[PDB]
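Colleague: Okay, here's the structure, questions in a sec.
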Amino acid sequence: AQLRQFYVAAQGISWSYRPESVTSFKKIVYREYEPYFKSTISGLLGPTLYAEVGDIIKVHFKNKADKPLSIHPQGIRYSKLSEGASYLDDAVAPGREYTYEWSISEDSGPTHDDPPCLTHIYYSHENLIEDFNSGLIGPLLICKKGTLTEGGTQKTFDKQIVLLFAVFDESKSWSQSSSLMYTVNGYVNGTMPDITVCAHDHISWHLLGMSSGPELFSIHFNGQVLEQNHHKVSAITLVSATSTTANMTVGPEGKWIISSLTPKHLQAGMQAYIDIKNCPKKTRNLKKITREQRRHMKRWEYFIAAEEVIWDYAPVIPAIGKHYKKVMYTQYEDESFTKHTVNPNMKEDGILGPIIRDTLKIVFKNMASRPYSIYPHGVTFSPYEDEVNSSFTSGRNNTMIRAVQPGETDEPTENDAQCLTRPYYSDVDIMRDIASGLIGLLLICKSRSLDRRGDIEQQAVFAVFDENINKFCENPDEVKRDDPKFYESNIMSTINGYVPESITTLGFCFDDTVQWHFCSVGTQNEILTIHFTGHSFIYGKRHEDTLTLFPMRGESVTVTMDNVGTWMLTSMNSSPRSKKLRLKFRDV
Amino acid sequence: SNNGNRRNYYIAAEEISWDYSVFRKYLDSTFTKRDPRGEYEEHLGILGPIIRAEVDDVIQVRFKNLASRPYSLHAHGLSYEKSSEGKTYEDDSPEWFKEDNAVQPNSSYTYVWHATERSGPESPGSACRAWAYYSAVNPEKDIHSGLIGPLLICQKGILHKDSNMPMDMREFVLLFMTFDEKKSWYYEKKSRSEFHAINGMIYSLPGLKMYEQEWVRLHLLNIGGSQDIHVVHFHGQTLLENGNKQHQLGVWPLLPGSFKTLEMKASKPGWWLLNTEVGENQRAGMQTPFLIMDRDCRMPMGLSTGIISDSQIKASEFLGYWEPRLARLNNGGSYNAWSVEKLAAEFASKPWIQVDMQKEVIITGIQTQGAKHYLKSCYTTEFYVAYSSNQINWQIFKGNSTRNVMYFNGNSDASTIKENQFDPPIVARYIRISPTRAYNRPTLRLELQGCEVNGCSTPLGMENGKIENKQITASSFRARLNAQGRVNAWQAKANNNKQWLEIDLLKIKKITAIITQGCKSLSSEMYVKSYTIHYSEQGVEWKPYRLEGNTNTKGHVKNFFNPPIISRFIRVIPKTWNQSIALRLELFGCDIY
C-alpha cells in the first residue's frame, strides 16, 4: 500500500500568446501551493501525479472560477462516486472541498510492457469547448509496484520531464480573443529555456498528447534512436487523446531543435530550444569484432552531388506538362567528377534519388552556392561529423564546424522484419529548402549484407513534389508561383517520382519474396494508408492487408508469395485525394 | 481455392429510408428466410449481417440489388480465384472475367471465399481478428452509405455449428465513421448517385450489450473516408491492444483503414458515457452506455414473495375464472397455473398476458414451477416474448444469440424453474408474454429476475458489526429486533412527524435502495406509512425533500427513494404512522468503495 494524500488546486494567471508581454490574458491554470492549502521554465502545465499498485488518491480540490470546473482522470479506473462525467462530482463551485477514491486498478497502468509508467491526461470533462480553453491539464504516472520516489524523478532513470502535444482554441472560450494563434504546452517558437541535459544519462521521458483543435501532433526528435512501444521506432508517431514516451540513450553532445512537420507545424514556428552539456558519467563500452570469422569489415566510399537541373517526367499516362526543375542528389562511383554512375535509371526507381544505405566515409559534395545537408535517421550520430543546424546559425566563413562549402567533401526488435527500415531528408530547412525536390531516401538493414562490388527490392514513395519566378512556365514571360489556386494545380503528388505513375509500370515474376522501400515525404497535412490485394504481410507476425503512415516516415513490407494469380495494389481516400490516391501494380 | 465444406449462406440487400436521429441474412439455398435483427443486433442499423467463417472454409455470398445502384464486394487477406473483386480498370487479359464488376439486380451466384491458414489465424496471439466486406465500386459512395459488414475469423473447429456466434465472449462491430448529411445515398434524395456515430445515430443509440466479469471482441474497424484520423474517448472500462501484446495503454487515436481487436473487461456497474475527442467534433457526444449491473441478479424477483403484484397478472383473452392471479410459486392449492384454452392464432393472439414488476426492469427471463392436478399435466414446451416500452410498440423477441434462435427456447418443462438468460439488454416498461404448445393449454407462472442500474438491496448487515439497527433510537421507546428471549411486539408513542431514525450506521456507502418488510408482531403489522424524507449530512442536519413507506401489513413492499441518497448521517423522520409501529424491521442495501 502506497497512500498519497494530495493538495492540488487552480489559479487564474496570464501568459503570452504570439511567442518570440504587457498583454494580459487571465485564464484558470492548475497550480500546487504549499501542502494544506489556503512558470517561465516549465510552461502552463500544472500538477504531476504518481501512482503505484494498491493505492488510493484524493485531491483536496479547490476552485476559484464562477464556471464550476471539475477534474477528470483519463485513467478510467475510477468508480461511480468519482466518475467526472454526467448524462441526463461534475461541478465544483468556489470553496467546494473534495475527496475522491481513484483506487488504482491495474487497467489504467501498464503493469508489464509499456514504458515504466503509463501516461493518461489529467484534465476536466464538463465543458471541453469554452471552460477548458484555459490550460487545465496534467500528467499521470501509474507504474509497476515499487518504483517512484517523491523527488519528481523515477528510481531506475536519471531524468524525467514531459512536454505535452495538445492545443487549446484561444478563441472558442468564454473569455475569447479575436486574434487566433494556437499553443502547445504554452511553449511554441522555442521560448522555453533549454532542458540542459548532458549525455551518458539513462534518460526517460513522457510525451502526452490530446487536443481541442482539429490537427495531429506527431513531433519528431532531432537525431536520436528512441525506445517506444516495444518496437525500435524512430519518429514519435501519435495523434491526440493518448500519450507516447521517449527513452534517450544519449552519447554525444550538441544542440538540436524538435518539431512536427506540416504547413502549420512549422510556419508559425512551433519548435523548441534544447541544449547539451558535459557530465562525467561512464557506462558500458563498445565492441568491434565477432569471433574473427563473421567480421564484416565493410565501409564504402561515396560522393553525393547537388545540381540545379530540370527533368522531364511523364508522357501519356498509363493506368507546363512534364519538365520541372529539381535539385536532387545523385550517386557516384569515383571522384573523377564524370557523369551519373547509375547509367540507366533502371525502371524500378526512376527519378528516385540515390540509394543511401559504420562511421562517415560515405561522403558527399555540395555544388551550389551554400552548404546543403545530408542527415540520416535512427542514429545518435556524433557531432564529430556534425552538420549541427542549431537554432543559432553560426557564421558563414570562419566560425564553427556547422558548414560544408561547395567542392568540399540500433538493434531493431526482431518482431519487425528481418531488418528495420528508415528514410531521411535534407536537414537544411525541413520546409523550404526541402521543398524544391531536395529529398532523398535511406535504407538501413541488418548486418547480413556483403558483396565485393556492393529477396527482391523495389523503390516507391508516395511523396509530393511540393517545390514551392516569372519566365519559368509555358507562359513565356509572365507566370506566377506560390499561388495555391495555381500551385495546387501543379502539386505533383506522386509515388516514386513522376507527376503521375508514368512509363515506369512495375511487373513481377512468381513465387519469390519482394520488398517495397515505401515511404511518405512532403508538405501535405493528411496521413495515408494502403489498400493491398489478396495477400498478407508479416507486421510483427500479424498478417494484415493494409498499413498506415504518418508524415515523413515509411517502413518495410514482408511478403510470403506462395500462390498463382494477378493482383492490383490500390489505396483509398476522400475527394481531395481520391484523384491523387491511385496507383498501378502488375504480376505475371 | 476449393478447401472445405458446402453449406448455404445467403445475403441480400433491401434498401429502405432510415430516419437517422442495409442487408440481412437468409439461411436456405434460395431466398425466403427472413431472420429479424433482434436486440442481439438492434444497434447495427446501417451495418448489415456479420459474415462468419473460420480457417479456410467456404464463404458462399449470393447477393443482388433492390434499388438504383449496382453492388460488388472487396476482399482483404482472403483466398479466392481471380474474378472476385469488382472494379473497372486495366485488363492485360481479355474482357472475359468481367461479370463481377457491374452486378445487376436479382442475380444468384455461388461465390467461394476462404481464409488461408497463413492469412487467417497466424501467430495465434490474434485469436478472432476482424476482417470486412464492402462493395469497392466507390468506397466514398457505398461504404460512406453503409452497405457494410465484417468477417470475424477465429480458429478451425471449436464453435457450435451453425450458430457461428462467439461463445464465452461478446462482439462489437462499430465502424466509427463520420456519416455526414451531405453524402448519403439510399435514404437521402439529393446525392443518391459533425455526425460521429456508429451507423450515423447521434446523441442516441443505446442498447449496447455487456455481461459482468467478461471481456469483449471490440472492433474499431474504420475503413471509410480516411479523413477521420479520430481519437477515441471511452469511459467505463478501458480498451488495451492485444496481438501486438505491448500496447496496454487504454485510449487510442482511431486511424482509418486500420483495425484492432480491443478488450475491455467490464467490471464496474452502471451507466457510462462515450465521446469523440476531436475538439469541435465532440459536439456529437455519445451518451450511449452498456448498462453494467450487479453480478448477483440470478434469483427471482417478485412472484414467490409477491411484489410483482397479483392484480394485473391477467390473461388478455381470459378463460373462465382460473385467472393467473390466484397463483404463486408453488401455491398451496390445485388452481395455481395460468392456461387459457389453446386457440389457433398461430402467432398473434395465442394466450398472452401483460405483466411487470411495476417499475423499470432488466428481464433475465421467466421460469415456472407447475403443479399438475391428477390428469391435467399443465406444462408448456416453447415460448416467445414481446416488449413494449410505450404500450404501442409491442415488439417481439426473435433473437439470434448464442443460445437464442428464432423461437428461442424459454419455458419447456413441467416442474423445474427452467433457466433462461436474456443475453441482450431489456429496456422495457411492460411486455406481452405468450407460450405456445402444451397439452391443450399453455401453462405458465412467471419467475422474473431483474436488476436496475444500482439494485444493491442485499442484507446490508443490520448486525454485521459495522451498521447496527438493534439500537434503533427514535421518539417511540434500545428495542429488540432479532435479539430474542424477549417480548413479541413493537411499541410507538404518537402518530406524526415525531421520531428520528438515528440508526447507528455511520458508514459512507451506497445502500442504493431501502425496503420495509413485514413480520408477525402479535397482530397485524404496524409500520411507517410515509416519512418526510429528510436528509442526513455531516452535521446536525435535516432537509425537507428538496435534494411513502409501508402500507399493507404482509408484504415485502418498498417505496424506493427515487434519486440515490448517500451521506454520513442516517435518519428518516416518519411523517405518517400506521397507528403505531409493530414489525421486526430489516432494511436492505450494500456498500460501494
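Colleague: Based only on Cα atoms, what Rg/Rh ratio does the protein assembly as shown have, Rh being taken as Kirkwood's radius?
Modeller: 1.02
Colleague: If you put +1 on each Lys and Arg Cβ and -1 on each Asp and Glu Cβ, how big is the dipole of the protein assembly as shown around its Cα centre, in Debye rounded to 20?
Modeller: 3960
Colleague: Based on the alpha-carbon set only, what is the convex hull volume of the range B:534-593 divided per residue, in Å³?
Modeller: Taking only Cα atoms, the range B:534-593 has a hull volume of 125 Å³ per residue.
Colleague: Below 12 Å Cα-Cα, how many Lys pairs turn up in the range B:454-593? Only count pairs eight or more apart in sequence, or on different chains, if you could.
Modeller: 6
Colleague: Further question: With point charges of +1 on the Cβ of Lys and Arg and -1 on the Cβ of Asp and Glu, referenced to the Cα centre of the range B:295-453, which listed residue (B:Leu326, B:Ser309, B:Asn390) lies farthest in the positive direction of the dipole?
Modeller: In the range B:295-453, that residue is B:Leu326.
Colleague: Going by amide H atoms built from the backbone, whose H comes under 5 Å of the H on A:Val8, apart from near neighbours?
Modeller: So A:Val8 has HN proximity to A:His60, A:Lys62.
Colleague: Please state, rounded to one decimal and in Å, the Kirkwood hydrodynamic radius that the range B:295-453 gives when every pair of distinct Cα atoms enters the mean of 1/r.
Modeller: It works out to 15.7 Å.
Colleague: Give the residue list of chymotrypsin sites (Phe, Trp or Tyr not before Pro) in the range B:405-435 that are DSSP loop and have at most 16 other beta-carbon atoms within 10 angstrom.
Modeller: Listed in order of number, the matching sites are B:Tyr407.
Colleague: Hey, what D do you get for the range B:229-349 in µm²/s if you plug the Kirkwood alpha-carbon radius into Stokes-Einstein at 4 °C and 1.567 mPa s?
Modeller: In µm²/s, the coefficient is 65.
Colleague: Right, here's the next one. Which of B:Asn199, B:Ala371, A:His296 sits farthest toward the positive end of the charge dipole of the protein assembly as shown, with +1 on the Cβ of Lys and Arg and -1 on the Cβ of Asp and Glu?
Modeller: Farthest towards the positive end: B:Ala371.
Colleague: While we're on this one: Name the shape class, rounded, prolate or oblate, that the alpha-carbon gyration tensor gives for the range B:24-68, where a ≥ b ≥ c are the square roots of its eigenvalues, rounded holds for a/c under 1.5, and otherwise prolate holds if a/b is larger than b/c and oblate otherwise.
Modeller: oblate
Colleague: While we're looking at this one, here's another question. Starting at the first residue of the range B:503-515, write each ³J(HN,Hα) from the Karplus equation 6.51 cos²θ - 1.76 cosθ + 1.60 with θ = phi - 60°, in whole Hz, x for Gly and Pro.
Modeller: Karplus values, whole Hz, x for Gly and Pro: 6, 4, 10, 6, 10, 8, 9, 8, 6, 5, 9, 9, 9.
Colleague: Here's a follow-up. Please compute the Kirkwood hydrodynamic radius over the range B:454-593, one decimal place, Å, based on all pairs of different Cα atoms.
Modeller: With all distinct Cα pairs of the range B:454-593 included, I get 15.4 Å.
Colleague: With the Cα gyration tensor of chain B giving a ≥ b ≥ c as the square roots of its eigenvalues, does the rule (a/c under 1.5 for rounded; else a/b larger than b/c for prolate; else oblate) give rounded, prolate or oblate?
Modeller: It comes out prolate by the Cα gyration axes.
Colleague: In addition: Fewest first, what order do B:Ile353, A:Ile257 take by the number of other Cβ atoms within 10 Å?
Modeller: Least crowded to most crowded, the residues run A:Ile257, B:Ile353.
Colleague: Sort largest first and round to whole Å: the equivalent ellipsoid semi-axes of the range A:239-334, each the square root of five times a Cα gyration tensor eigenvalue.
Modeller: Semi-axes, largest first: 38, 30, 17 Å.
Colleague: Among B:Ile50, A:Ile142, B:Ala494, whose Cα sits farthest toward the positive end of the charge dipole of the protein assembly as shown (+1 at Cβ of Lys/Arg, -1 at Cβ of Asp/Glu, about the Cα centre)?
Modeller: Final value for the positive-end residue is B:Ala494.
Colleague: On a straight-distance basis, which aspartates and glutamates could pair with A:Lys541 in a cross-link, Cα separation under 17 angstrom, same-chain partners fewer than 8 positions away excluded?
Modeller: List returned: A:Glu414, A:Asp416, A:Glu555, A:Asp562, B:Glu117, B:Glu122, B:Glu241.
Colleague: Sequence-distant or interchain residues sharing an amide H contact under 5 Å with B:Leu444, placed H: which?
Modeller: Answer set, sorted by chain and number: B:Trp338.
Colleague: If you don't mind, there's one more thing I want to ask. What is the order of B:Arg298, B:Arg429, fewest Cβ neighbours within 10 Å to most?
Modeller: Working: B:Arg298 11, B:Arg429 14.
Fewest-to-most Cβ neighbours within 10 Å comes out as B:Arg298, B:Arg429.
Colleague: Mind listing the Cα extents of the range B:29-121 along all three principal axes, in Å, largest one first?
Modeller: So the extents along the principal axes, rounded to whole Å, are 49, 38, 24.
Colleague: Can you classify chain A as rounded, prolate or oblate using the Cα gyration tensor, where a ≥ b ≥ c are the square roots of its eigenvalues, rounded means a/c under 1.5, and otherwise it's prolate if a/b beats b/c and oblate if not?
Modeller: In terms of gyration-tensor shape, prolate.
Colleague: Next question, about the same structure. To the nearest 20 debye, what is the magnitude of the charge dipole of chain A about its Cα centre, counting +1 on the Cβ of each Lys and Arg and -1 on the Cβ of each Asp and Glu? Walk me through the numbers before you get to the answer.
Modeller: Values: 62 positive and 70 negative charges, 168 e Å.
Result for chain A is approximately 800 debye, rounded to the nearest 20.
Colleague: Roughly how big is chain B's charge dipole about its Cα centre, with Cβ charges of +1 (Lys, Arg) and -1 (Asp, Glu), in debye to the nearest 20? Working shown, then result.
Modeller: Working: 70 positive and 62 negative charges, 558 e Å.
The calculated dipole for chain B is roughly 2680 debye.
Colleague: Cα to Cα, under 23 Å, and not fewer than 8 places away if on the same chain: which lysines meet these conditions relative to B:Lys398?
Modeller: B:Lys25, B:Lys33, B:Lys161, B:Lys209, B:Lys342, B:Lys350, B:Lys418
Colleague: Given bins 5 angstrom wide, list per bin the percent of all Cα-Cα distances in the range A:404-500, short to long.
Modeller: Per 5 Å bin, starting at zero, the Cα-Cα P(r) for the range A:404-500 comes out as 2, 9, 13, 16, 15, 13, 13, 7, 5, 4, 2, 0 percent.
Colleague: List the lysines whose alpha-carbon lies under 23 Å from that of A:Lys584, not counting same-chain residues fewer than 8 positions away?
Modeller: A:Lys322, A:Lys347, B:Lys82, B:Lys87, B:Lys98, B:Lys141
Colleague: Given a Förster radius of 30 Å and the C-beta distance between A:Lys287 and A:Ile41 as r, what FRET efficiency does 1/(1 + (r/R0)^6) yield to the nearest 0.05?
Modeller: Result of the calculation: an efficiency of 0.15.
Colleague: Mean 1/r over all different Cα pairs, inverted: what Kirkwood radius does the range B:301-349 give, in Å?
Modeller: For the range B:301-349, the Kirkwood estimate is 12.0 Å.
Colleague: On the Cα set of the range A:1-119, report Rg and Dmax in Å, please.
Modeller: Here Rg and the maximum Cα pair distance are 16.4, 49 Å.
Here, each number is a calculation from the coordinates, and none is a lab measurement. Backbone-built Cβ (ideal geometry, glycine too); neighbour counts: all protein chains shown.
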